[PDB]
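Chemist: In PDB author numbering, the protein residues as written are 226 to 391, 402 to 432, 450 to 675, 700 to 1318, 1329 to 1455, 1483 to 1600.
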RNA sequence: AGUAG
């Protein structure tokens, strides 16, 4: 039942009024939005901005710090061990104790060295003992720490400790300051380059010889490992029970020392690890001006650095600095090979590695912002027209504090000026000149991704994300005051626009414009009304609201306005349980809207933690607000699925294929000739062309008026027999017009716990009458109505197309539009005269003299007027194209973060390769390894070479093994316990997963276990080998102990909270277990009943994996804590929680005593037996003989109760064909896999991988490759060599 | 003093 609501009646708007308004609009000179790119223009912009800069910032004489860790090497570096650490610390402290301190930090390190050298023998044993062998002592209360205290610290050291406990810019217009910095970063970079004192066949001659053999001798390659060791030692002395003590470590035969001070643990947010690095002055990361002091010892100088405080983000970023720099250099290597057709020289790759390492070591936010703006500037100076004046003026909205900033500046100033004179792409980071723009843009993008996400000041960004919303809400209120509420809400009409012409502003919309846009979109929709209606009804508006995973998910949500006033922070599942508890029924989406219609919409904002400067916000809304948004979004997603110009409606892999196809039709059009029918039969010849506008929308959601959608929905065709659903959608849009937006508790506390209520914080607190929430109108909040706003933009673009077509019927232009929310691409196909324009100018003059004055806008550069009118018509719908981040170029496009050179894709796969090093699922060794390898395979699919991917895979595997302890020689190492080699142990048991990218991309992510099982089977069955039987016993241990690992996998619960959450004690554990046993169908389908659903959700609240997920503050807390948890008991065995070593011991015990039964063997032999274009890949053959879904059939088999059967039939596309499907399904599993699912306890294990066939793989092939999987595999085979043909 | 601004 759909409720009854009042809709909107048409106002009878005719396109002819808009066409006449456009004729009057285009008859005058219009100021273009973009400035032509000329060398003199860019040079003068830089000069004027340099001159202006110094008068806006206080002058700075002292360059600031940019090196997070300062250290130097003169000999090769061997990895640190415990004995090496002991000997090196002894020697280094003996060295330091002979120095003469002069600064407070020097005195502090002197005292620490004295304390370490005056430790007892028992103290040293307990200091270097393992966890299981450590015995506390008066001084060494923890392993790897000691205990200083007052009376063991000089006054000059207590002064430094109390100082710890308790914007000026550099002259960039100066040549003394701008050359003193280039001579500092060019010796750090010139010291990091000094040499210190089937796929494998191709990798050994190309990548291993020209990249990994050249860099393996540099100072950077060894300082990377030294800093890895230093960061590991810092991570160890950061956990709870340790961070509050002192520590002292030594590296490189005592040449480097690390004095770790007491500091807050990094488990609690907002804490820093404090350390000092005393080293031997030499080549490397040494900035002598930012060292605390330099102490001489006759001949050798020792550099004592400042007390560095590093948070967990930067600390974990410095631990993978070597891997990050190496991956970036390996990507630059491949890009150079593809650009110049030959391998780089030694010096080039060495300098590239040094630059990447320096970037990865200096994890500052100022440099991150500079590199964020550079990737916008570079596209703005290699294009015909752009907004480079604004981008450059923004580049100077920075104080340049460190030498590394005034060096990257000095480089950008030269690069951008050189690029504007050659429109031959000079390199930003080497002395080479590229042949393609993609090489340079990818080179700078890689340097942008060397900085981590979330380097901003935490509270600064918490304020920034609120000020934008408050400012635009105030702007909307001011517009309501000027023109009244009725005009701003219902929108103005054309006759008012003509009389004012200032009504065409943002947050204001024109009724006639939206009605005509809806009619233009109807011109497409009405041709497929049945399809649109069926797609709308396919959204299942009658199904219960809380039986959908998105409505019970783990994502954040808002609750109630607590007594404090703030809006509760909760989870979606918590609110679902709360609603069901106090309800009698499971309400449909529409019936839950009737009970929550009068409850105002509420919202809160949280940080998104982006890599870009000026982090953006994310909105968390209450349950009524979510129901409204789901109604609107279901309606508009169903409608927009059938509009090709809407790109959100694509799955995510189809966006690139669609934009490529659009560009192909554009190019096909351009390969033609236009003929304008001059009087009589004479024809004027015209050459077709194309111009690409990479439009970006300014303040998409903030500067908007959601009311424009209510009219838009009214006129928008859907094909349904009545308007009940349309009226409901209009009503939902009405209910989201006004929102109560709440300040975060963090920001409210900060403002309250303060004394300087300065301006810009007094007009911010006036938005909230009670100081907790304020009313926002018009704005629909970021990300809530994406598919509605994008569809509206598409409609307005189509309206512009129609208006231009009516304006110039004689001409033959070609418009292509792509919209993806605050991102668009416009291809304008215009005509130009051939040879001199003797006839074209005459025709234009005749038309202008005939009364068609608007032809004044097509005399020359049609595309200029095309874009002017398109922009104006878009503004009439309250859409503003960004004059800064929009680029116009006839031979280059940028869309969806992907670069196009007409019809050639270029995707930054570096982001995927570097993301595999961090942000792991953290569900255990097997899951994390399979996730890192999956992310490397994805990079391979996005265009990474089979050799750049093979290096990233090696790095990821090594890092995962080191982070879980399974690499050779550590705790959890299988060889210590198991009797088989590291290469023969199953991966779930710490086995060596070291597998080629070429087979991880085709066979799968978990075939190493399957290959091992096949090898063991063959060996045992052909020779009766005892070791093979041992391997089979390990496999059986994993199978009983049971990313999908069919042969089983250790079950981990890494996180367990101290506090239980709301509505978790409704049903006791015994009752939940009994309910799970009785109702087996509810393991594969969500109950469609209040009682069953409530019990199901309470049970889901008591799932270890869900418990771990709900207690997780970013992946940083995982990669941070795991170093300790590998010792702790985080695995499941015998029904309790034990260590992974205990699991290894149990596996060894069972395998050693394992015997080959007949069923085990039966099951084992049942188990073992050019143009860079984008295409699709398909690894699964057609097995779709099932009409219903897999959950429906699996639940149907176990369906016995009437309620269970009813819940199964509701969750089925074809409830009348379940039984047949099941039978077919059985055959389909017994004819391909040989497993009988009818047997109990068999189908439960097989099911979790029957959930497949949806992996829509998109691969960036070289163009000649067909879409077949075999063709793509052969292309990967042929691409194993970088600079050779290996057919 | 560092991060940050």
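Built from N, CA and C at the ideal position, the CB exists for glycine as well.
Mind listing, in chain order, the continuous alpha helix (DSSP H) runs of no fewer than 4 residues lying wholly within the stretch 1248-1300?
Modeler: If we require 4 residues or more, the alpha helix (DSSP H) runs fully inside the stretch 1248-1300 come out as 1250-1253, 1273-1276, 1283-1299.
Chemist: Closest to residue 985 by CA distance: which of 1565, 1071, 627 is it?
Modeler: Considering only alpha carbons, the answer is 1071.
Chemist: As an exercise, report each continuous alpha helix (DSSP H) stretch of at least 4 residues that is fully enclosed by the stretch 244-329, in chain order.
Modeler: Complete alpha helix (DSSP H) runs here, min 4: 264-278, 307-321.
Chemist: Under 8 Å by Cβ, that's how I've got residue 1056 and residue 1158 pegged, so tell me the actual separation to the nearest angstrom.
Modeler: Not confirmed; about 19 Å, so no contact.
Chemist: Across the stretch 542-556 and the stretch 571-579, are there enough close Cβ pairs to call them in contact, namely three or more that are closer than 8 Å?
Modeler: No: fewer than three Cβ pairs fall under 8 Å.
Chemist: In or out: residue 557 buried (at least 16 other Cβ within 10 Å) or exposed?
Modeler: So residue 557 counts as buried.
Chemist: When you compare each of 431, 1103, 489 to residue 527 by their alpha carbons, which one comes out closest?
Modeler: Residue 489 is the option with its Cα nearest to residue 527.
Chemist: So residue 1451 is in the beta strand (DSSP E); what residue range does that whole segment cover?
Modeler: Looking at the DSSP string, residue 1451 is not in any beta strand (DSSP E); the run it does join, the alpha helix (DSSP H), is 1444-1453.
Chemist: Quickly, what does DSSP pair residue 880 with across the bridge? List them, please.
Modeler: Residue 880 is bridged to 896, 1018.
Chemist: The alpha helix (DSSP H) spanning residue 1303 covers which residue range?
Modeler: Element bounds for residue 1303: 1302-1317.
Chemist: Which same chain residues, not among the five before or five after residue 876, have their C-beta less than 6 Å away from its C-beta?
Modeler: The answer, listed in chain order, is 1016.
Chemist: Thinking C-alpha only, which one of 1485, 233, 1249, 981 is nearest residue 764?
Modeler: Cα-wise, what sits closest to residue 764 is 981.
Chemist: Rounded to whole angstroms, what's the CA-CA distance from residue 719 to residue 610? Just pull it up for me.
Modeler: Taking the straight line joining both Cα atoms gives about 15 Å.
Chemist: Are residue 1281 and residue 1329 touching if we call contact CB-CB under 9 Å?
Modeler: Yes. Within cutoff.
Chemist: Which of helix, strand or coil does DSSP assign to residue 501?
Modeler: Strand at residue 501.
Chemist: Do residue 1067 and residue 1096 come within 9 Å of each other at the CB atom, strictly closer than that value?
Modeler: Result no, Cβ atoms of residue 1096 and residue 1067 do not sit closer than 9 Å.
Chemist: Where are the beta strand (DSSP E) runs, 3 residues long or more, that stay fully inside the stretch 1071-1101, in chain order?
Modeler: Runs of the beta strand (DSSP E) inside the stretch 1071-1101: 1090-1095.
Chemist: In three-state terms, what does DSSP make of residue 870?
Modeler: Correct three-state label for residue 870: helix.
Chemist: Determine whether the beta carbon atoms of residue 517 and residue 495 lie at a separation below 9 Å.
Modeler: Cβ atoms of residue 517 and residue 495: closer than 9 Å.
Chemist: Just to check my reading of the structure: residue 1193 and residue 1232 have Cβ atoms closer than 8 Å, yes? What is that Cβ distance to the nearest angstrom?
Modeler: The pair is a contact, with the Cβ atoms about 6 Å apart (cut-off 8 Å).
Chemist: Measuring CB to CB, does residue 599 end up less than 9 Å from residue 715?
Modeler: Cβ atoms of residue 599 and residue 715: not closer than 9 Å.
Chemist: If we ignore side chains and look at the alpha-carbon of each, how far apart do residue 482 and residue 568 end up?
Modeler: Spanning the two alpha carbons is a distance of roughly 11 Å.
Chemist: In the DSSP output, what is residue 1338 paired with across the bridge?
Modeler: Note: residue 1338 sits in a beta bridge opposite 1417.
Chemist: Where does residue 1049 fall in DSSP's three states?
Modeler: Correct three-state label for residue 1049: strand.
Chemist: Could you name the residues that DSSP lists as bridge partners for residue 547?
Modeler: Its beta-bridge partners are 554.
Chemist: With a Cβ-Cβ cutoff of 9 Å, do residue 1273 and residue 1063 count as a contact?
Modeler: No, the pair does not count as a contact, with Cβ atoms beyond the cut-off.
Chemist: What are the boundary residues of the alpha helix (DSSP H) that includes residue 1504?
Modeler: Run containing residue 1504: 1503-1510, per the alpha helix (DSSP H) assignment.
Chemist: Taking all protein chains shown into account, decide if residue 937 is buried (16 or more other Cβ within 10 angstroms of its Cβ) or exposed.
Modeler: So residue 937 counts as exposed.
Chemist: Kindly provide the ranges of any alpha helix (DSSP H) runs that are 4 or more residues long and lie completely inside the stretch 745-782, ordered along the chain.
Modeler: 770-776, all fully within the stretch 745-782.
Chemist: Taking the C-alpha atoms as reference points, what is the distance between residue 589 and residue 662?
Modeler: So the alpha carbons of these two residues sit roughly 27 Å apart.
Chemist: Between which two residues does the beta strand (DSSP E) harbouring residue 1487 extend?
Modeler: Element bounds for residue 1487: 1486-1490.
Chemist: Unbroken beta strand (DSSP E) runs of length 3 or more, entirely within the stretch 920-990: which are they?
Modeler: DSSP runs (the beta strand (DSSP E)) wholly in the stretch 920-990: 949-953, 959-964, 967-969.
Chemist: Measure the C-alpha to C-alpha separation of residue 771 and residue 1079 and round it to an integer number of angstroms.
Modeler: One C-alpha to the other measures close to 18 Å.
Chemist: Decide if residue 284 is buried, meaning its Cβ has at least 16 other Cβ atoms within 10 Å, or exposed.
Modeler: Exposed, because fewer than 16 other Cβ atoms sit within 10 Å of the Cβ of residue 284.
Chemist: Roughly how many whole angstroms lie between the Cα atoms of residue 1485 and residue 1180?
Modeler: Rounded to the nearest angstrom, the two C-alpha atoms are 5 Å apart.
Chemist: Measuring straight from C-alpha to C-alpha, what distance separates residue 1365 and residue 1529?
Modeler: One C-alpha to the other measures close to 22 Å.
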